[PDB]
Amino acid sequence: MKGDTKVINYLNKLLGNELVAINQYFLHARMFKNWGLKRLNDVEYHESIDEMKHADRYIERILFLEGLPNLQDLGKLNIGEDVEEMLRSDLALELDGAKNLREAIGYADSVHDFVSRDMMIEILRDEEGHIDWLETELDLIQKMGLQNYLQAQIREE
Amino acid sequence: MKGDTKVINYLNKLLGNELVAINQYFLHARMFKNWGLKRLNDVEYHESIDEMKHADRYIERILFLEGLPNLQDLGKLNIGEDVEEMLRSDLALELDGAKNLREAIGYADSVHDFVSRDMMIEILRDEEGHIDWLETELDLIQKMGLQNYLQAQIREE
Amino acid sequence: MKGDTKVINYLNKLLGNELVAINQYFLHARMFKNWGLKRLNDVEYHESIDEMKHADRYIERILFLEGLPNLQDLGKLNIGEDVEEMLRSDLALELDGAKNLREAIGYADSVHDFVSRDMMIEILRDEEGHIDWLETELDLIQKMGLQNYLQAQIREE
Amino acid sequence: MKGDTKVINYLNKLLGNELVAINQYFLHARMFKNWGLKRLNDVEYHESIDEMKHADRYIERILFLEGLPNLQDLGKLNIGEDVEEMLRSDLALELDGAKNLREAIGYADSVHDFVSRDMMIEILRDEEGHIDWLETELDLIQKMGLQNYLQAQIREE
Amino acid sequence: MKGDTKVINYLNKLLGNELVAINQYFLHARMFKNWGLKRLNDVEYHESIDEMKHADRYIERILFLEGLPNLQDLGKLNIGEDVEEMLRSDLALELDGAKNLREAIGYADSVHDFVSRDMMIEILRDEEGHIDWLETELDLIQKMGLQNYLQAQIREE
Amino acid sequence: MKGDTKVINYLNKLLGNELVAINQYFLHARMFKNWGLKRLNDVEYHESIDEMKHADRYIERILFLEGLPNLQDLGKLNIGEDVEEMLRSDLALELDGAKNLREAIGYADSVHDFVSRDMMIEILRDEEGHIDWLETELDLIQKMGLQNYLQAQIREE
Amino acid sequence: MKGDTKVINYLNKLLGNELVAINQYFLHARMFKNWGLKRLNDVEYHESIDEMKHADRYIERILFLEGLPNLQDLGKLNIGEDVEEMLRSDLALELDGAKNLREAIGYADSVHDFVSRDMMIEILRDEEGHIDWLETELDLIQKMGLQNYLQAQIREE
């Protein structure tokens with residue numbers, strides 16, 4: 001079913017955000033795993049999987065709308081080198097992605113693509129959950145100090 | 001069964017104490033939850049539920065005694081802005097309510113309302129348990145230091 | 001994640017509506033229970049629980065958006081003295097709350113807070129369910145007469 | 001297998017009767033449901049389903065006999081505005097349908113389409129069951145009075 | 001609860017679209033069944049059921065809003081005489097109905113009937129799924145040729 | 001119980017038809033089995049079994065009515081040499097048998113042997129099902145072509 | 001444990017190959033899904049998952065060897081526009097990756113990194129399995145023709 005060209009463009013932009021996050025979350029997860037921070041490996045791995053599900057949804061929606069999903073272009077990752085930098089980079093990426101989502105959701109409504117909008121709102125709700133988790137972890141690092149924080153990650157939850 | 005007017009007045013005062021505590025414990029729980037202090041969310045949530053049960057018992061008793069339960073007036077909440085402050089506020093509220101319970105229990109005895117007294121004694125035993133828990137947590141904050149204390153709250157027990 | 005100030009104000013207003021309804025439904029339920037109208041006790045109790053869930057969602061959303069939930073102010077309850085008067089008062093409260101919800105949902109869309117909007121639409125759906133139930137009960141009182149209506153409430157369903 | 005032209009015509013006429021009854025029973029059920037008359041929603045819904053099964057049998061028989069099922073033409077519904085009026089309308093429709101069935105059953109026999117006749121006799125037996133139920137309910141409204149009758153419908157049976 | 005008159009008119013228009021589709025899908029299903037195309041009978045039958053569910057939701061919503069559901073008027077069926085023709089007709093009907101849904105969804109938003117809107121968005125998501133299925137089947141007829149396509153339908157999947 | 005002589009004569013004629021069909025269906029089944037067309041073996045074998053059941057019913061009915069079942073005379077088989085020929089021959093036999101059944105059913109009614117008639121109507125319903133199956137397969141051969149049709153028979157259904 | 005710099009460089013090159021294949025296989029899978037070719041969706045999806053597992057192994061190995069996994073650079077995808085083109089492109093990518101694996105396996109042996117080598121040989125065995133599958137499907141398209149081939153993909157295996 002032929003979709004709106006700019007809706008497809010938004011879907012590809014958001015798909016692009018998801019592809020960066022999939023890789024960044026996954027690399028962070030395995031960095032945490034290497035360092036023995038099992039709990040952070042588990043959560044970040046889960047976040048990567050969640051972004052994969054989102055990417056899949058964008059891909060299928062774009063195809064249904066008769067557009068071409070773009071998995072070729074990959075945006076900039078910012079890996080970081082310590083736990084705080086890594087989590088802050090994931091947070092910055094989530095915030096940029098949420099801004100893109102809000103713009104796309106408003107636009108989809110205006111051209112009456114209510115199903116694409118509904119999909120995007122569910123994904124945005126997911127992203128805000130990730131934002132909440134990242135903000136909370138960053139605050140905990142400050143509240144309990146980095147040494148206690150790292151200790152609290154070595155066992156799975 | 002027409003009850004003693006002053007007993008009903010005490011039950012409404014105690015109901016009022018419970019209504020403040022229900023809201024204060026519940027808000028504290030969700031603040032703790034927001035901050036990632038899962039253990040404190042769990043305990044404060046269950047304390048809110050306990051106070052709800054007490055409130056229900058007062059409402060039912062007042063209605064049996066043919067009085068009018070007052071759920072309209074709400075006493076002063078003191079939320080606090082950090083963990084120690086919030087727990088100290090909960091403890092102060094518990095102590096104030098225990099003072100009112102002791103008065104009411106003595107009075108109900110003087111007018112031979114032994115069933116209302118029996119109900120309030122069970123509720124007071126409940127509140128002294130909350131007092132014990134709050135006192136103990138506050139002591140632990142001082143003994144292990146705030147950073148260790150916060151770390152100990154992030155996993156459910 | 002810092003939310004829009006007016007959205008947070010709306011959420012607090014709606015939270016306020018839920019807080020009135022929680023108490024009014026709960027007192028109505030126990031009044032019905034006292035009178036032996038078991039069926040009405042069961043329904044109104046479950047409606048009170050439903051509004052508690054809504055209140056919880058508002059409290060959590062407000063805290064996420066870095067606002068301060070207001071559980072201190074409690075709006076006007078209208079208890080009523082007979083079954084029809086009590087149900088009419090619950091209906092009036094539901095209808096006032098639905099108006100507030102519609103205004104907030106429109107505004108959340110305007111400022112692109114689609115996740116707060118999604119939450120409120122779910123809550124509004126729940127509220128219209130309560131309205132449906134209340135309207136239906138009030139019509140039944142008129143159609144079968146009060147004596148038959150009361151007889152119909154003494155067994156749990 | 002090429003069927004008799006007038007047998008196919010009768011089947012389409014009967015199918016036409018069932019199509020009206022499907023919609024009228026269904027709308028009646030949901031009207032009853034809206035009014036809180038659960039027992040009447042349940043019965044009328046099941047009657048709508050029964051007529052759907054009959055419609056299915058006619059459609060399949062017409063196609064087997066190489067005719068064209070007519071689902072385009074819809075005869076007159078008579079909804080009515082109160083319980084007695086609605087049930088009387090359903091009864092009138094059943095009685096007209098039964099007349100048509102009797103005529104078709106005699107004709108099918110005359111042209112030796114004994115399998116179409118056998119199908120129609122089973123359907124007619126079903127319809128007379130509905131007529132029995134409707135007559136019984138209408139008599140009950142008169143014997144116990146409308147207020148008692150409505151009270152008897154609020155719980156599923 | 002007295003609804004918006006124009007929302008009710010849209011709900012009746014959409015209900016009308018559903019009623020045509022219910023009949024058209026069901027007849028197509030049984031035509032496929034008669035031809036031995038079991039897979040196509042199964043899918044089209046379930047699409048008919050899906051449209052019945054949508055019709056039910058519209059009927060219940062309209063009654064809640066104190067309108068009168070129109071099951072009397074039935075729009076034009078376009079049955080068709082061969083598999084491709086039939087599937088194309090179902091697709092054309094889906095596309096017309098989606099256009100009506102988009103219009104109604106936009107309007108309900110303007111009058112703040114967000115629950116009616118939410119219901120219609122879910123139904124639109126369902127219809128776009130049917131559109132996807134129909135488009136895909138039509139393309140398959142072209143890609144594998146009609147003889148292979150028909151062979152692929154004779155066993156249930 | 002002494003039956004009507006001409007009813008018994010009809011029952012023997014019908015039994016005769018069944019006896020030819022039992023053999024023709026069984027041989028067809030095993031020819032298809034030899035050819036590797038497992039699906040056709042399965043169905044035709046089942047049809048032979050069905051005709052055995054019918055023959056058993058006629059034999060038992062004739063004996064109850066104090067007549068002599070005739071299993072000695074066997075009418076003409078037309079085996080055919082390819083799938084289409086074989087299926088057409090089964091269809092022609094079914095059609096001839098159905099005309100005989102119709103005559104016998106009308107006659108039984110005229111002499112008030114309603115039990116023999118009832119038995120024959122059930123059997124006729126069964127034969128029309130075989131007719132529907134054969135007509136459908138023959139059409140499928142034409143629509144998908146013989147090569148696809150044969151391919152579709154090699155696996156069991 | 002500090003690894004050999006050129007081994008890490010090989011591991012990143014191989015990881016790079018896997019990253020292209022993950023995306024190319026996944027997009028191919030969802031294109032096939034959109035087209036109704038369920039069998040090809042299932043297999044290609046599985047191949048994408050397999051390449052994710054390989055990528056995970058490289059990432060973990062690189063980190064153990066104290067290098068930096070490169071998930072930022074993504075090589076050229078060649079999506080293609082029809083089934084044969086898409087499959088040939090997957091085959092070409094697999095063949096390019098296998099040549100890289102062979103080079104890396106020989107090199108790892110020369111610097112005595114036998115564990116990295118062992119990991120890569122297992123992965124190469126997996127890729128040759130994908131190569132066998134793709135070569136086989138491409139031959140089948142030719143042997144049975146595209147129309148039969150597409151028909152064979154519409155059901156899950």
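Values reported hereafter were calculated over all heavy atoms of this structure, with side chains retained and with hydrogens, waters and symmetry mates removed. Residue numbers start from 1 in every chain, and the chains themselves are labelled A, B, ... in the order their sequence lines are given, proteins ahead of strands.
- C:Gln142 is linked by a side chain to side chain donor-acceptor pair (under 3.5 Å) to nothing, counting only residues two or more places apart in sequence or in another chain.
- With B:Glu66 contributing its side chain and B:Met1 its backbone, the two residues share a donor-acceptor pair below 3.5 Å.
- C:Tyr58 OH to C:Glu18 CD: the interatomic distance, rounded to the nearest 0.5 Å, is 5.5 Å.
- Checked by atom type and distance alone, the side chain of C:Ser89 pairs as donor or acceptor with a backbone atom of C:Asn78 at under 3.5 Å.
- At distances below 3.5 Å, not a single donor-acceptor pair connects side-chain atoms of D:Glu44 with backbone N or O atoms of D:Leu40.
- Residues C:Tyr45 and C:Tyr25 place their aromatic rings such that the two centres sit no closer than 6.0 Å.
- C:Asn17 places none of its side-chain heavy atoms less than 4.5 Å from the side chain of C:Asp96.
- At least one donor-acceptor pair under 3.5 Å links the side chain of C:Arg117 to the backbone N or O of C:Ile105.
- Of the possible polar contacts, one joining the C:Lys38 side chain to the C:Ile154 backbone as a donor-acceptor pair under 3.5 Å is found.
- Counting heavy atoms from C-beta outward, C:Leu140 and D:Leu150 have side chains that stay 4.5 Å or more apart.
- C:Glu122 places a side-chain heavy atom less than 4.5 Å from the side chain of C:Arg57.
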- [ ] Take B:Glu94 and B:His130 through the test side chain to side chain donor-acceptor pair (under 3.5 Å) and record every step on the way to the result.
- [x] CA-CA 8 Å; B:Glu94 288 282 356; B:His130 300 342; 4.5 Å; no
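- Residues that satisfy the side chain to side chain donor-acceptor pair (under 3.5 Å) test with C:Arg102, not counting sequence neighbours, are C:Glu128.
- In this structure, the side chain to side chain contact (heavy atoms under 4.5 Å, CB included) partners of B:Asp56, at least two apart in sequence or on a different chain, are B:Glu60, C:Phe26, C:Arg30.
- Side chain of C:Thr136 to backbone of D:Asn34: a donor-acceptor contact under 3.5 angstrom is found.
- Judged by distance alone, with hydrogens and angles left aside, the side-chain atoms of D:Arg39 form a donor-acceptor pair with the main-chain N or O of D:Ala152 at under 3.5 Å.
- Using a 4.5 Å heavy-atom cutoff, the side chains of C:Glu157 and D:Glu156 are not in contact.
- Looking only at side-chain heavy atoms (C-beta outward), C:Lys143 and D:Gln147 stay at 4.5 Å or farther from each other.
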Task: Pair D:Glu137-D:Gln153, side-chain contact (heavy atoms from CB on, under 4.5 Å): steps then yes or no - done: CA-CA 11 Å; D:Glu137 293 300 305; D:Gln153 311 311 316; 4.3 Å; yes
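- Remark: side-chain polar atoms of B:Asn23 are paired, donor with acceptor, to backbone N or O of C:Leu71 under 3.5 angstrom.
- Between E:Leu11 and E:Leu65 there is a side-chain heavy-atom pair separated by less than 4.5 Å.
- Within 6.0 Å of the CZ atom in C:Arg155, the count of heavy atoms belonging to other residues, nucleotides or ligands does not exceed 12.
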Task: Worked check of salt bridge (charged side-chain N to carboxylate O under 4.0 Å, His left out) between C:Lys13 and C:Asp73 - done: CA-CA 10 Å; C:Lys13 182 175 171 58; C:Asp73 299 331; over 6 Å; no
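- Ring geometry, B:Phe32 versus B:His28: the interplanar angle falls from 30° to 60°, so the pair is classed tilted.
- In this structure, the side chain to side chain donor-acceptor pair (under 3.5 Å) partners of D:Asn148, at least two apart in sequence or on a different chain, are C:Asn148.
- Under the side chain to side chain donor-acceptor pair (under 3.5 Å) criterion, D:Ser48 pairs with no residue at all, not counting sequence neighbours.
- In this view, C:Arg88 and C:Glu84, C:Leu138 satisfy the side chain to side chain contact (heavy atoms under 4.5 Å, CB included) rule, not counting sequence neighbours.
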Open item on the list: Go through it in stages, so that I can follow the logic: the residues are B:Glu103 and B:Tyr10, the test is side chain to side chain donor-acceptor pair (under 3.5 Å), and I'd like the CA-CA distance, side-chain angles, deciding distance and then a yes or no.
Closed with: CA-CA 9 Å; B:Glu103 299 183 270; B:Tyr10 270 120; 4.5 Å; no
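- Using modelled atom types, one finds no donor on one side chain facing an acceptor on the other under 3.5 Å when comparing C:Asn12 with C:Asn70.
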